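Inspection log for the structure reproduced underneath, given as structure tokens.
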Amino acid sequence: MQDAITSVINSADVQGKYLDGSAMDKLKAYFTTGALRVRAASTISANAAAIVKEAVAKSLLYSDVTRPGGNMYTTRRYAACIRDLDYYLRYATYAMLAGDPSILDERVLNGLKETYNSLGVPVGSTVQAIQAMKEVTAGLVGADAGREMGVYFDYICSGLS
Amino acid sequence: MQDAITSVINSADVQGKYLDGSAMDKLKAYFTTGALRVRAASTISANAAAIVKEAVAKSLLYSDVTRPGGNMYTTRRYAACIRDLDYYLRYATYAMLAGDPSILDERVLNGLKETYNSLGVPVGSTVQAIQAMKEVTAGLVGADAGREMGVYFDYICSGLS
Amino acid sequence: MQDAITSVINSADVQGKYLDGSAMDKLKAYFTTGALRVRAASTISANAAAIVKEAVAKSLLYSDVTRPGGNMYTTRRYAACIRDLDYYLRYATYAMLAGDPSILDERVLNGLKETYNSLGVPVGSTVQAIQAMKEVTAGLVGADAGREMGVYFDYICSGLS
Amino acid sequence: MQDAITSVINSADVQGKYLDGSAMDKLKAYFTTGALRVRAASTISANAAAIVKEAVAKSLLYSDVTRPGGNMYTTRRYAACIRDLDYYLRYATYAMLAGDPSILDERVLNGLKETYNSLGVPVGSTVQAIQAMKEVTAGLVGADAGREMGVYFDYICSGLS
Amino acid sequence: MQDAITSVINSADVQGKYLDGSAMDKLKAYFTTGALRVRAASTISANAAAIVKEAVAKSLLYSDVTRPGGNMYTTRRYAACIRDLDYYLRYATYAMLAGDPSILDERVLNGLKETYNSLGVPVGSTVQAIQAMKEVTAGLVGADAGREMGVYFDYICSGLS
Amino acid sequence: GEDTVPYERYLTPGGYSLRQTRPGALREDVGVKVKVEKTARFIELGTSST
Amino acid sequence: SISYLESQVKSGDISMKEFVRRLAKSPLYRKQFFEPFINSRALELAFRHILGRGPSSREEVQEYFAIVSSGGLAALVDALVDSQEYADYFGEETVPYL
Amino acid sequence: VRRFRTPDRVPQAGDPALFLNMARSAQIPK
Amino acid sequence: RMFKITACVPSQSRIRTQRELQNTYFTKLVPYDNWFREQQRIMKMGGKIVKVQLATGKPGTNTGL
Amino acid sequence: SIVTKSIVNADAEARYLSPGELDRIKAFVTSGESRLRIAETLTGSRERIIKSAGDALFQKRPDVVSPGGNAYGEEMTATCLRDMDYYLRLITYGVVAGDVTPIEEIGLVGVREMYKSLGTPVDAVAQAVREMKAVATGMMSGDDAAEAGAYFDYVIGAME
Amino acid sequence: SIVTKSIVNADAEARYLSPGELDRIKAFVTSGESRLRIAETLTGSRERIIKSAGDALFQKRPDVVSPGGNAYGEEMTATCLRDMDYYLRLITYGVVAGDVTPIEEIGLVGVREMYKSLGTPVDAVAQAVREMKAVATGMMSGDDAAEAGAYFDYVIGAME
Amino acid sequence: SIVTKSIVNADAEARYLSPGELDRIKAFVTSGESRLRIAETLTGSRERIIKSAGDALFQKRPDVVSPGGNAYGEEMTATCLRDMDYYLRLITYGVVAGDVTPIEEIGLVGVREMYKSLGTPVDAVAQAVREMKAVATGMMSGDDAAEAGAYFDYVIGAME
Amino acid sequence: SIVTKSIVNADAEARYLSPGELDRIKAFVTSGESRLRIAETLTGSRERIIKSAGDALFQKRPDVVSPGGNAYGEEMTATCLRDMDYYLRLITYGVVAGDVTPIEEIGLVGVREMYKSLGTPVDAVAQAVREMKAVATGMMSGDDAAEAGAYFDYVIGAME
Ligand SMILES: CCC1=C(C)/C(=C/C2=NC(=C\c3[nH]c(/C=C4\NC(=O)[C@H](C)[C@H]4CC)c(C)c3CCC(=O)O)/C(CCC(=O)O)=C2C)NC1=O
Ligand SMILES: CCC1=C(C)/C(=C/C2=NC(=C\c3[nH]c(/C=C4\NC(=O)[C@H](C)[C@H]4CC)c(C)c3CCC(=O)O)/C(CCC(=O)O)=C2C)NC1=O
Ligand SMILES: CCC1=C(C)/C(=C/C2=NC(=C\c3[nH]c(/C=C4\NC(=O)[C@H](C)[C@H]4CC)c(C)c3CCC(=O)O)/C(CCC(=O)O)=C2C)NC1=O
Ligand SMILES: CCC1=C(C)/C(=C/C2=NC(=C\c3[nH]c(/C=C4\NC(=O)[C@H](C)[C@H]4CC)c(C)c3CCC(=O)O)/C(CCC(=O)O)=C2C)NC1=O
Ligand SMILES: CCC1=C(C)/C(=C/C2=NC(=C\c3[nH]c(/C=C4\NC(=O)[C@H](C)[C@H]4CC)c(C)c3CCC(=O)O)/C(CCC(=O)O)=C2C)NC1=O
Ligand SMILES: CCC1=C(C)/C(=C/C2=NC(=C\c3[nH]c(/C=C4\NC(=O)[C@H](C)[C@H]4CC)c(C)c3CCC(=O)O)/C(CCC(=O)O)=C2C)NC1=O
Ligand SMILES: CCC1=C(C)/C(=C/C2=NC(=C\c3[nH]c(/C=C4\NC(=O)[C@H](C)[C@H]4CC)c(C)c3CCC(=O)O)/C(CCC(=O)O)=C2C)NC1=O
């Protein structure tokens with residue numbers, strides 16, 4: 001768990017060097033993008049349940065997975081699916097605020113593949129659900145904030161696949 | 001690697017005793033079932049590719065795992081899946097002929113869980129594929145030969161899970 | 001953990017269908033056999049320690065495993081062996097009452113092979129002990145109740161082997 | 001193994017001289033023909049199996065060599081014949097791309113006569129098969145690309161005879 | 001490597017014909033002599049070392065070749081001589097069982113003359129040793145089994161000379 | 001909180017994968033889909049009434 | 001011991017590389033190192049016994065398990081001995097070494 | 001030759017056949 | 001079936017790797033099934049094949065190798 | 001079911017089934033015939049139950065079918081009747097099993113989270129099961145209506 | 001054959017023939033009379049086997065004889081029946097030899113490469129050997145049909 | 001056994017069991033009754049076999065029981081008869097299994113290294129198994145004596 | 001049936017049953033066990049017979065399933081398989097009754113008028129019964145296939 005600042009400090013410390021001009025430029029880049037990160041995080045905190053339910057309405061609804069035999073069939077499985085998608089959106093917001101995806105592979109992508117493979121959860125359908133969540137939130141917060149959200153959404157989909 | 005005869009001899013030898021009446025009765029049971037084992041092995045050797053492709057057509061086809069994002073997606077992964085299912089059917093035939101599942105945990109179930117967990121292979125989907133293979137071959141060779149095939153298929157599914 | 005009723009309901013629910021005539025016939029079969037299951041469970045609850053000690057007196061006593069060097073040698077190992085056999089008889093009674101062996105591979109056969117292989121417990125000697133327990137309880141409760149006990153005893157011996 | 005460029009450089013180096021005007025003219029000739037060589041190589045890579053099977057359909061099919069007693073009789077011998085013809089077409093494509101037949105007598109014509117004479121392979125029938133392969137590919141790629149393929153096909157037939 | 005059956009099948013296949021009456025008669029001759037071949041092979045497998053040591057005691061012992069200067073002088077050369085004679089008896093048993101000497105010129109007589117001529121091994125003394133081995137085993141297994149052993153022993157001596 | 005003895009609240013995916021995906025403990029939706037099991041339409045049409 | 005392989009090597013008609021090939025296809029090696037292992041472990045043991053090193057990539061394990069899958073221990077030793085690697089490191093005379 | 005009994009029949013340290021001579025030599029009152 | 005081949009294979013890699021020397025120009029009995037990959041490999045290293053001769057084959061058979 | 005619940009409740013306690021639990025299983029085993037009769041009554045007339053209950057629901061709660069509600073339109077009303085069909089099927093399962101662990105363990109655990117993610121008023125769903133209960137207990141004899149109304153009662157209670 | 005396989009399997013192991021392999025060769029030597037009877041049964045009625053099997057094959061798989069298929073026309077159908085005659089001859093060889101090394105070592109190694117180079121569907125060839133097996137095991141007694149169907153079974157198994 | 005050997009030999013070759021190997025397993029399965037009869041013959045009369053074979057051995061090779069030999073004294077002669085009992089037990093195992101992989105895989109691999117570390121002449125052990133073979137084949141019918149003498153023959157052959 | 005036909009044929013002639021007709025009825029009475037075995041063979045595997053015969057029919061005659069034919073579409077193909085199921089049921093009735101008066105007296109009298117009023121090619125129906133005969137006689141033993149093929153033969157003969 002480290003943001004862009006802590007990773008820059010960790011690189012300069014593992015070097016043992018002081019903060020040179022490249023580290024200063026990286027921190028200036030983060031300190032310019034931080035206000036946009038803050039406003040996108042507020043806008044995403046506004047519409048958590050709406051983004052999640054629009055992602056299910058785009059991908060998972062009216063398909064086979066909500067029908068009998070699907071892994072999203074029962075009300076318990078539906079509630080756990082909404083819970084999993086809320087987790088993905090919340091941690092993508094955290095990784096957007098930090099500017100570093102270390103929290104994603106520390107706390108989402110750690111044992112997620114083995115959990116989903118033990119439960120029988122389809123990984124492709126949940127990857128499509130995360131992609132639709134990314135599409136909806138990029139329609140919500142704009143072009144560049146949607147892109148800096150979609151880089152961590154693509155990180156979650158890549159670590160899941 | 002030992003059949004029913006070699007396991008009976010190994011028990012009587014670890015005892016240090018001669019072959020008493022219970023060992024004679026066990027070997028008489030194996031020597032009565034052996035002709036049925038031979039005919040079922042010939043019938044399974046007849047239809048290897050048909051049983052494998054009917055198992056994929058029952059379980060794995062048209063699901064998420066053959067779609068993008070699934071672990072059976074690419075042609076390399078499809079060919080390796082057909083190879084793995086052919087391995088399961090071949091070694092279940094061997095364990096049916098021997099009448100002892102020692103070859104299964106010696107040569108299939110040895111590092112299979114750790115291999116599948118390192119690769120990202122879903123264990124539940126391949127357990128369902130082996131179960132459909134068992135269902136197809138039990139439809140092929142009959143009731144009791146299908147049962148004595150399904151005991152080793154259940155052994156493979158239990159060691160995999 | 002599911003009995004015959006819960007497995008029938010789970011099949012009809014995974015189908016998404018209502019309970020058709022085949023499910024009604026399966027439940028009628030269970031509701032006819034249930035009184036015999038109840039009486040056999042009472043008769044087995046009567047004589048737990050007697051069935052266990054007669055199984056040890058048939059198989060494990062006066063052999064090498066109770067002698068020095070055997071895995072049933074010490075008093076700690078003898079008490080743990082009596083405990084393990086009481087577990088097998090108790091869970092076979094539960095699986096007889098439910099009419100479904102899901103409790104056996106959920107709660108007995110889950111990590112039992114790896115536990116016994118890590119401890120050094122002989123699996124063949126305990127399989128013979130469970131077989132003698134089956135023979136004694138089938139002498140106790142009769143022909144058909146002994147058979148419907150022996151199907152789950154054979155399930156435990158098959159999952160152990 | 002050397003193309004036209006490497007053979008020109010080797011001649012100028014064994015002389016010890018620099019590249020004079022005749023070497024420049026030879027390399028200009030190769031650099032003019034190279035695009036035609038590339039397009040003919042792509043067109044031949046398109047239709048490998050078709051050119052091979054049309055060569056067998058022209059020469060070797062329905063003759064005595066596919067009948068009993070012939071050297072192309074069995075399925076093993078048929079598969080090895082298709083393999084040998086695929087080798088001849090592939091190496092003729094390589095020698096067409098290099099513009100020098102050094103790869104042919106380095107890697108095809110090295111021990112091929114002695115191999116075919118030890119096996120009992122008819123050399124005249126395989127020379128007719130290579131000639132029909134040449135005729136088919138010269139019908140495929142045109143007049144001049146067919147000619148610059150047929151010079152290396154004639155090289156293979158001359159070294160084989 | 002082919003027995004009488006495989007050579008008959010190879011002749012009928014190189015003809016391309018079906019098995020006519022002469023091939024049926026040849027296979028009937030082999031299927032009548034096969035039980036005698038089996039019993040002679042068991043009797044020869046009984047007394048391998050005895051036949052070898054009686055052959056050396058008849059021919060090679062107390063002659064010049066076991067004296068200094070002989071090629072059977074040292075213990076290494078004596079052990080290699082016993083090894084060579086065991087090879088001749090074993091492969092003569094194999095050629096007796098197959099009923100065809102193809103294994104002898106495939107796997108004994110292939111480079112044996114050139115090996116023995118490069119090492120300095122006397123070919124006449126080893127031919128006399130094989131002849132005494134033939135005489136001893138023909139005294140062992142009887143008249144006609146000794147004759148059908150001696151035809152392959154004479155084959156080995158003819159290919160060696 | 002001083003009233004109850006503990007109980008096993010969480011499994012690892014290794015232990016859950018051990019117990020549930022065993023064949024007798026298994027359901028039949030768990031990992032790939034199952035198709036619907038209707039009767040054949042020619043049997044349904046060949047009956048004696050709608 | 002397999003004895004005719006010892007004969008045919010000490011004579012010199014069969015090269016040492018064909019000796020390694022014929023000894024790894026021999027059933028003593030199959031009893032010892034192919035029977036108690038899965039093909040994913042027998043493959044790496046064959047890599048150690050024949051090439052003297054472990055498989056150094058994932059594509060190498062992909063390729064050689066595909067070869068094992070087509071044609072058993074026979075085609076595995078066939079594909080290991082006939083590489084460019086065995087011929088460059090050991091040639092025709094030297095025993096493989098770690 | 002005649003002292004030789006099969007090694008399965010020979011009593012071992014867990015078997016009560018070693019103490020059987022004492023069990024038949026000791027007197028038990030009715 | 002076996003081919004009694006005779007070939008000479010220079011390495012062209014001993015200068016870089018600085019290994020010790022194996023004697024080239026070998027005479028060996030190759031089995032028939034992998035004689036293919038062996039001849040192809042000798043052509044891969046650039047070595048010339050002097051003499052190929054079928055040793056144990058009896059050429060023209062269909063079974064019995 | 002009853003047998004699952006008794007087995008689990010004796011299973012945590014490390015004891016066998018007590019004789020009172022055993023005559024509980026015995027009484028459920030004897031009453032299974034009446035349970036199957038109630039199940040056939042609920043199964044055979046599902047069309048009229050779903051139709052009349054949807055009619056009385058949309059009469060009672062017209063805002064969910066008015067523009068602005070969840071079940072507005074053709075396919076939305078069809079999905080609404082499908083959800084009512086799901087709950088009647090779970091009612092039949094709970095009638096046969098003798099306990100509400102099919103109903104709860106299939107369609108009542110995360111029902112609030114699901115219907116909040118869909119945008120559905122859960123009180124109107126409770127009214128839908130109330131009208132289903134009215135039509136179903138209007139269809140049977142007295143004790144049969146009481147035994148089915150117990151499970152209908154559990155579903156409406158687990159809604160709110 | 002059996003003797004070749006036993007000799008080779010003892011030959012790699014640097015040992016003689018084990019006594020179990022020797023009674024295997026002895027039992028095959030005794031059963032050679034029944035093998036020759038099955039071979040005469042298969043040899044004498046080859047015309048009806050090839051004719052009826054071709055008829056049932058083209059009834060079963062009519063697209064390969066329709067224009068567009070491989071065996072379309074007079075000479076192509078004659079070559080198709082010739083390939084079926086080849087496989088029945090190899091069946092007779094494998095029946096006599098007691099093992100499938102004649103069948104495999106003649107006409108089953110590169111069968112996929114050959115029939116892919118000819119443009120032939122191999123499943124239709126498997127159906128041809130299936131109809132040949134049906135006509136041939138319809139022609140014999142029970143154990144004779146089982147012993148011939150073992151080799152027919154090996155050919156259809158080696159196709160796919 | 002036979003089934004283990006056939007399974008392994010098909011297993012290295014990456015193929016199924018050939019039909020010739022399958023009728024080999026079938027013939028062994030049918031001959032198992034005679035194998036069990038030979039095993040009961042060898043098991044029931046082990047006392048007389050070991051006693052008479054030890055008597056004939058010490059008559060034939062008296063130096064190993066003379067002072068200076070290995071089996072000199074009471075306990076050493078008892079251990080000698082115990083080793084003969086071990087080899088008769090392995091003979092019974094090899095008779096039942098239909099192959100010599102029990103005998104070889106238990107008591108014939110490092111037999112030279114073990115008996116060299118004990119200081120034992122291995123030729124006298126071969127004479128012990130020879131006298132055991134004489135007493136055992138003097139105890140049976142003709143084909144039974146041949147089938148048991150095959151495994152006795154393998155043990156004496158694996159000694160030297 | 002046989003008894004009906006014998007009774008009627010003696011009934012018009014104003015005589016009793018002749019003894020030859022009586023041993024005809026007796027032989028049919030004895031062969032009724034094999035008739036019931038053929039009937040169970042045809043009854044138990046009706047799914048595979050109808051499925052494989054419809055597959056081979058639409059492979060053989062693709063124009064009736066192409067747009068423009070009678071059995072084009074989902075429900076039309078279902079009705080086509082239903083008509084094939086009807087004819088297999090009448091085949092089972094004729095197998096049990098020992099004569100074709102069930103088959104003729106139920107489903108063969110006005111078959112041309114009915115299938116002309118529906119617009120159906122009757123030759124394609126004859127091909128449907130031909131494929132049903134192929135699958136059914138591929139499912140039985142020899143004499144059983146002949147006895148069932150007699151009634152299948154009567155149905156295809158009564159078509160054209
Ligand atoms: C003889 C005992 C034995 C077995 C069983 C075995 C399995 C095995 N399966 C593998 C891969 C595989 N196995 C599968 C199979 C599956 N994945 C799915 O999605 C399906 C659920 C399931 C098939 C039913 C796939 C897709 C791969 C390829 C993984 C990859 O390429 O990334 C690999 C990786 C290396 C390679 O492909 O060649 C091994 C070693 N190895 C053995 O030695
Ligand atoms: C309810 C499902 C379940 C089972 C069955 C189970 C078995 C189990 N048996 C054990 C030990 C044991 N089990 C045995 C039993 C045997 N050894 C023999 O020689 C006999 C053949 C056999 C008895 C018939 C013995 C002797 C031990 C003690 C091992 C030791 O103390 O070293 C242990 C080791 C820890 C402990 O003793 O308390 C477990 C966890 N655990 C479970 O949760
Ligand atoms: C890349 C350079 C190169 C070539 C060309 C090459 C050829 C080559 N062709 C061979 C066999 C063969 N080649 C043929 C080919 C023919 N026989 C005929 O009747 C036809 C006239 C002709 C085909 C057009 C056949 C039938 C065999 C198999 C011989 C046998 O199995 O007995 C063999 C024997 C070993 C094996 O099949 O795999 C070699 C090494 N090897 C090489 O390294
Ligand atoms: C299976 C087919 C086959 C045979 C037969 C075979 C023979 C063979 N015999 C050899 C040596 C030998 N062979 C002999 C045998 C003899 N010299 C005499 O004086 C006697 C007349 C005669 C014995 C009867 C001797 C003494 C040597 C050793 C030569 C030496 O060490 O210098 C060698 C030299 C390498 C080595 O000893 O291990 C080979 C390869 N190799 C084979 O692959
Ligand atoms: C068996 C347990 C179970 C339940 C309950 C269940 C409900 C369920 N209801 C859904 C939709 C729905 N359900 C309703 C139902 C209602 N809205 C109203 O106003 C009425 C009060 C009420 C019904 C009377 C509506 C309107 C939708 C569509 C929601 C939307 O389209 O956004 C969906 C999403 C689409 C689908 O795949 O069907 C699910 C999964 N699934 C289950 O597996
Ligand atoms: C003994 C082992 C052996 C086999 C199998 C063999 C097959 C073989 N089949 C051939 C052709 C053929 N074989 C078929 C056969 C069929 N096509 C179909 O549609 C049917 C499914 C099937 C037969 C029932 C056809 C149509 C051809 C002609 C291919 C062409 O003309 O392009 C040819 C080329 C012409 C010739 O020389 O005969 C060979 C060599 N040769 C052999 O030595
Ligand atoms: C037991 C004696 C018996 C027979 C035979 C019978 C036939 C029968 N076939 C019908 C339709 C049909 N039957 C067919 C069948 C076929 N069309 C094709 O192309 C195929 C060749 C063939 C079947 C394999 C079709 C397509 C219809 C629908 C005709 C239409 O919809 O106009 C109908 C009208 C709808 C109905 O009530 O089923 C009857 C009554 N009824 C009987 O009681």
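Residues are referred to by chain and number: the chain letter is A, B, ... according to the order shown in the structure tokens, the number counts from 1 in that chain, and ligands are numbered separately from 1 in the order shown.
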
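Here is the contact set of chain B against chain H, at 9 Å and counting only C-alpha atoms: residues 15, 16, 17 and 18 of chain B.
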
Self-check item: Residues within 6 Å of ligand 3, counting only C-alpha atoms and all ligand atoms, as an MDAnalysis selection string
Solution: (chainID D and resid 71:72 77:78 80:81 84:85 87 107:108 119 121:122 125:126 129) or (chainID I and resid 36 39:40)

How would the residues just picked look written out with N, CA and C atoms as a PDB file, in the first residue's frame?
```pdb
ATOM      1  N   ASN D  71       6.757 -48.708 -53.576  1.00  0.00           N
ATOM      2  CA  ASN D  71       7.417 -48.123 -52.417  1.00  0.00           C
ATOM      3  C   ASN D  71       6.576 -47.041 -51.765  1.00  0.00           C
ATOM      4  N   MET D  72       5.504 -46.608 -52.416  1.00  0.00           N
ATOM      5  CA  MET D  72       4.563 -45.674 -51.823  1.00  0.00           C
ATOM      6  C   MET D  72       3.303 -46.368 -51.339  1.00  0.00           C
ATOM      7  N   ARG D  77       4.379 -45.141 -45.667  1.00  0.00           N
ATOM      8  CA  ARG D  77       5.144 -44.733 -46.833  1.00  0.00           C
ATOM      9  C   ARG D  77       4.479 -43.569 -47.554  1.00  0.00           C
ATOM     10  N   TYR D  78       3.145 -43.521 -47.558  1.00  0.00           N
ATOM     11  CA  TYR D  78       2.456 -42.379 -48.153  1.00  0.00           C
ATOM     12  C   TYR D  78       2.724 -41.105 -47.364  1.00  0.00           C
ATOM     13  N   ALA D  80       5.308 -40.502 -45.424  1.00  0.00           N
ATOM     14  CA  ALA D  80       6.703 -40.125 -45.616  1.00  0.00           C
ATOM     15  C   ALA D  80       6.938 -39.537 -47.000  1.00  0.00           C
ATOM     16  N   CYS D  81       6.162 -39.965 -47.998  1.00  0.00           N
ATOM     17  CA  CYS D  81       6.295 -39.383 -49.329  1.00  0.00           C
ATOM     18  C   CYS D  81       5.784 -37.950 -49.366  1.00  0.00           C
ATOM     19  N   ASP D  84       8.396 -35.884 -47.744  1.00  0.00           N
ATOM     20  CA  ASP D  84       9.550 -35.629 -48.603  1.00  0.00           C
ATOM     21  C   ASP D  84       9.234 -34.567 -49.653  1.00  0.00           C
ATOM     22  N   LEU D  85       8.024 -34.603 -50.215  1.00  0.00           N
ATOM     23  CA  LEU D  85       7.649 -33.605 -51.213  1.00  0.00           C
ATOM     24  C   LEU D  85       7.467 -32.226 -50.593  1.00  0.00           C
ATOM     25  N   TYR D  87       9.213 -31.220 -48.086  1.00  0.00           N
ATOM     26  CA  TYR D  87      10.597 -30.786 -47.914  1.00  0.00           C
ATOM     27  C   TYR D  87      11.162 -30.185 -49.190  1.00  0.00           C
ATOM     28  N   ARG D 107      21.822 -28.968 -47.517  1.00  0.00           N
ATOM     29  CA  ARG D 107      20.833 -29.479 -46.584  1.00  0.00           C
ATOM     30  C   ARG D 107      19.769 -30.385 -47.170  1.00  0.00           C
ATOM     31  N   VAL D 108      19.685 -30.516 -48.484  1.00  0.00           N
ATOM     32  CA  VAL D 108      18.830 -31.509 -49.113  1.00  0.00           C
ATOM     33  C   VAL D 108      19.659 -32.558 -49.806  1.00  0.00           C
ATOM     34  N   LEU D 119      17.244 -47.086 -48.718  1.00  0.00           N
ATOM     35  CA  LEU D 119      15.861 -47.415 -48.404  1.00  0.00           C
ATOM     36  C   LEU D 119      15.173 -48.201 -49.506  1.00  0.00           C
ATOM     37  N   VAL D 121      14.064 -46.370 -52.233  1.00  0.00           N
ATOM     38  CA  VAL D 121      13.175 -45.355 -52.817  1.00  0.00           C
ATOM     39  C   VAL D 121      13.502 -45.194 -54.280  1.00  0.00           C
ATOM     40  N   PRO D 122      12.499 -45.231 -55.187  1.00  0.00           N
ATOM     41  CA  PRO D 122      12.759 -44.966 -56.601  1.00  0.00           C
ATOM     42  C   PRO D 122      13.120 -43.505 -56.824  1.00  0.00           C
ATOM     43  N   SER D 125      10.873 -41.902 -60.017  1.00  0.00           N
ATOM     44  CA  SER D 125       9.502 -41.543 -59.676  1.00  0.00           C
ATOM     45  C   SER D 125       9.453 -40.285 -58.818  1.00  0.00           C
ATOM     46  N   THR D 126      10.388 -40.139 -57.879  1.00  0.00           N
ATOM     47  CA  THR D 126      10.428 -38.902 -57.113  1.00  0.00           C
ATOM     48  C   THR D 126      10.950 -37.727 -57.932  1.00  0.00           C
ATOM     49  N   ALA D 129       7.890 -36.648 -59.644  1.00  0.00           N
ATOM     50  CA  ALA D 129       7.033 -35.951 -58.688  1.00  0.00           C
ATOM     51  C   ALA D 129       7.500 -34.518 -58.459  1.00  0.00           C
TER      52      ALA D 129
ATOM     53  N   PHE I  36      15.858 -39.488 -38.828  1.00  0.00           N
ATOM     54  CA  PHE I  36      15.411 -38.268 -39.460  1.00  0.00           C
ATOM     55  C   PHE I  36      15.905 -37.021 -38.758  1.00  0.00           C
ATOM     56  N   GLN I  39      19.746 -36.737 -39.019  1.00  0.00           N
ATOM     57  CA  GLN I  39      20.256 -36.217 -40.285  1.00  0.00           C
ATOM     58  C   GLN I  39      19.957 -34.737 -40.421  1.00  0.00           C
ATOM     59  N   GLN I  40      18.746 -34.339 -40.022  1.00  0.00           N
ATOM     60  CA  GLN I  40      18.370 -32.934 -40.048  1.00  0.00           C
ATOM     61  C   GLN I  40      19.251 -32.114 -39.122  1.00  0.00           C
TER      62      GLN I  40
END
```

Quiz prompt | Contact residues around residue 126 of chain M with only C-alpha atoms at 12 Å, ignoring same-chain residues under 5 positions, as an NGL selection string | solution = :M and (53 or 57 or 60-61 or 83-84 or 87 or 111-112 or 115 or 120-121 or 131-133 or 152-160)

Exercise. Write out as a ChimeraX atom specification all residues of segment 43-149 of chain L that backbone DSSP assigns to alpha helix (DSSP H).
Key: /L:43-44,46-60,74-97,101-107,111-117,122-137,142-149

Exercise. May I ask you to write as a ChimeraX atom specification all residues lying at most 10 Å from ligand 2, with only C-alpha atoms and all ligand atoms counted?
Key: /C:52,55-56,59-60,64-66,70-91,104-116,118-130,156,160

Exercise. Set the cut-off to 7 Å, count only C-alpha atoms and all ligand atoms, and list whatever residues fall near ligand 7 as a ChimeraX atom specification.
Key: /M:54,64-65,69-71,76-77,79-81,83-84,86-87,90,106-107,111,118-122,124-125,128

Self-check item: Within 12 Å of chain A: residues of chain F, using only C-alpha atoms, as JSON, numbers by chain
Solution: {"F": [11, 12, 13, 14, 15, 16, 17, 18, 19, 20, 21, 22, 26, 27, 28, 29, 30, 31, 32, 33, 34, 35, 36, 37]}

Practice problem: Identify all chain G residues at most 12 Å from chain L by counting only C-alpha atoms; ligands do not count. Present them as a PyMOL selection string. | Solution: chain G and resi 1+24-31+33-36+39+42+67-77

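Using only C-alpha atoms and all ligand atoms, the nearest neighbour of ligand 6 within the list D:93, D:63, D:131, D:161 is D:63.
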
Quiz item: Could you write out as a list in words the residues of chain L within 8 Å of chain H, counting only C-alpha atoms?
Solution: residues 47, 50, 51, 52, 54, 55, 77, 78, 81, 82 and 85 of chain L

Exercise. Grab the atom CA of residue 146 of chain K to atom CA of residue 35 of chain B distance for me, in Å with one decimal place.
Key: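 According to the coordinates, atom CA of residue 146 of chain K and atom CA of residue 35 of chain B are separated by 12.4 Å.
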